[PDB]
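Here, residue 1 is the first one in the sequence, and each next residue gets the next number. Excluded from the calculations below are hydrogen atoms, water molecules and symmetry mates; all remaining heavy atoms, backbone and side chain alike, are included.
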Amino acid sequence: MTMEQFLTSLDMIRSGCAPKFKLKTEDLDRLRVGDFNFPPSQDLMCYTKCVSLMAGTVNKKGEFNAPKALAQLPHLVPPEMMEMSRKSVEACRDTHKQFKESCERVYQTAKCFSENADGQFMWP
């Protein structure tokens with residue numbers, strides 16, 4: 001995937017998930033630039049789960065699958081973002097073990113990616 005394809009994919013992924021929830025545009029804008037520094041609603045957390053299910057990086061119980069995520073990266077991010085993503089997969093692989101509820105498990109993992117990111121992080 002090229003950078004141009006990646007940037008557009010963010011909108012396409014959002015379109016498959018956002019209609020299932022009641023979400024604020026301002027909250028989606030913040031996640032889009034990797035700013036997870038605000039309290040999320042349950043709907044926003046479950047949105048992150050929907051996006052991750054589409055990516056194949058989590059199961060329906062919200063358990064993050066690090067080997068599978070590493071294998072999926074070429075279908076998720078451009079070459080330019082691979083190393084940063086590999087680094088965040090490793091740093092954030094066990095975050096889900098601290099939570100029991102599936103949407104929360106995914107949201108906290110995504111928040112960890114955003115915080116561990118050593119470059120710009122973008123969420124669909």
Side-chain angles (χ1 to χ4, degrees):
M1 167 191 296
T2 64
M3 186 61 46
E4 203 163 3
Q5 292 167 334
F6 173 73
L7 295 165
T8 286
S9 74
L10 301 175
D11 295 334
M12 292 198 285
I13 291 153
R14 180 186 288 184
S15 75
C17 285
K20 301 186 190 181
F21 306 97
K22 181 178 177 189
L23 304 164
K24 297 189 185 179
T25 300
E26 58 268 34
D27 287 358
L28 294 177
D29 289 349
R30 290 188 278 182
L31 302 190
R32 177 59 69 85
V33 300
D35 178 359
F36 284 62
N37 304 296
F38 65 99
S41 66
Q42 185 185 20
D43 275 75
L44 190 66
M45 300 196 292
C46 292
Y47 169 79
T48 70
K49 176 179 166 195
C50 179
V51 165
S52 295
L53 281 171
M54 188 188 296
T57 55
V58 303
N59 65 16
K60 278 187 174 164
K61 290 185 186 176
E63 296 177 304
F64 180 71
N65 185 343
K68 168 133 177 136
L70 290 174
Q72 285 309 302
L73 290 176
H75 302 266
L76 290 166
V77 311
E80 285 84 357
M81 302 177 77
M82 287 285 282
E83 180 63 12
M84 173 192 79
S85 300
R86 282 187 298 255
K87 290 204 177 97
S88 294
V89 164
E90 285 308 301
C92 299
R93 63 188 306 148
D94 293 329
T95 301
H96 69 94
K97 300 181 176 173
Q98 189 177 341
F99 306 94
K100 317 210 162 140
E101 192 276 314
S102 68
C103 299
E104 172 114 87
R105 284 168 167 174
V106 182
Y107 172 86
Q108 297 289 342
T109 302
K111 180 181 176 75
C112 178
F113 285 174
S114 78
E115 289 170 349
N116 170 269
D118 58 17
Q120 291 176 344
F121 182 72
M122 301 176 208
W123 193 263

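Every side-chain contact (heavy atoms from CB on, under 4.5 Å) that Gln5 has, sequence neighbours left out, goes to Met1, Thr2. Taking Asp118 as the reference, nothing meets the side chain to side chain donor-acceptor pair (under 3.5 Å) condition, with sequence neighbours excluded. Residues passing the side chain to side chain donor-acceptor pair (under 3.5 Å) test with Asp94, sequence neighbours excluded: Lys97. Under the rule for a side chain to side chain donor-acceptor pair (under 3.5 Å), the partners of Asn37 that lie at least two apart in sequence or sit in another chain are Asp35.
Interatomic distance, CZ of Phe6 versus CD of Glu80, reported as 10.5 Å (0.5 Å rounding). Atom OG of residue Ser41 and atom CG of residue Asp27 lie 6.5 Å apart, to the nearest 0.5 angstrom.
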Atom pairs and distances, donor-acceptor, side-chain atoms in residues 81-93, under 3.5 Å, two or more places apart:
| from | atom 1 | to | atom 2 | distance (Å) |
| --- | --- | --- | --- | --- |
| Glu83 | OE1 | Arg86 | NE | 3.1 |
| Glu83 | OE1 | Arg86 | NH2 | 3.0 |
| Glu83 | OE2 | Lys87 | NZ | 2.8 |
| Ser85 | OG | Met81 | O | 2.8 |
| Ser88 | OG | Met84 | O | 3.2 |
| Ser88 | OG | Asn116 | OD1 | 2.9 |
| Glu90 | OE1 | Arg93 | NH1 | 2.8 |
| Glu90 | OE2 | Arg93 | NH1 | 2.4 |

Which donor-acceptor pairs under 3.5 Å do side chains of residues 62-70 form with protein atoms, sequence neighbours excluded?
| from | atom 1 | to | atom 2 | distance (Å) |
| --- | --- | --- | --- | --- |
| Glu63 | OE1 | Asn59 | ND2 | 2.8 |
| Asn65 | OD1 | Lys68 | N | 3.1 |

Sequence neighbours left out, cut at 3.5 Å: what donor-acceptor pairs do the side chains of residues 14-23 make with other protein atoms?
| from | atom 1 | to | atom 2 | distance (Å) |
| --- | --- | --- | --- | --- |
| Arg14 | NE | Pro124 | O | 2.9 |
| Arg14 | NH2 | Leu28 | O | 3.4 |
| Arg14 | NH2 | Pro124 | O | 3.2 |
| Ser15 | OG | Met12 | O | 2.7 |

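Applying the side chain to side chain donor-acceptor pair (under 3.5 Å) test to pairs two or more places apart or on separate chains, those with a residue in residues 47-57 are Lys49-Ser102. Each ring-ring contact (aromatic ring centres under 6.0 Å, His included) pair with one or both residues in residues 72-95, not counting sequence neighbours, would appear here, but there are none.
Between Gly34 and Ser114, the shortest heavy-atom distance links the atoms O-CB, 3.6 Å. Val51 and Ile13 make their closest contact through CG1-CG2, 3.9 Å (heavy atoms, listed as atom of the first residue, atom of the second, distance). Taking each heavy atom of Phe99 and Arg105 in turn, the nearest pair found is O-NE, 2.9 Å. Closest approach of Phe36 to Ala110, counting heavy atoms only: CE2-CB, 3.8 Å.
More than 12 heavy atoms of other residues, nucleotides or ligands shown are found within 6.0 angstrom of CD on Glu26. At most 12 non-hydrogen atoms from other residues, nucleotides or ligands lie less than 6.0 angstrom from CD of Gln98.
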Residue pair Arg32, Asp29: steps toward the salt bridge (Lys or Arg N to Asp or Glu O under 4.0 Å) verdict: CA-CA 5 Å; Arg32 177 59 69 85; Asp29 289 349; over 6 Å; no
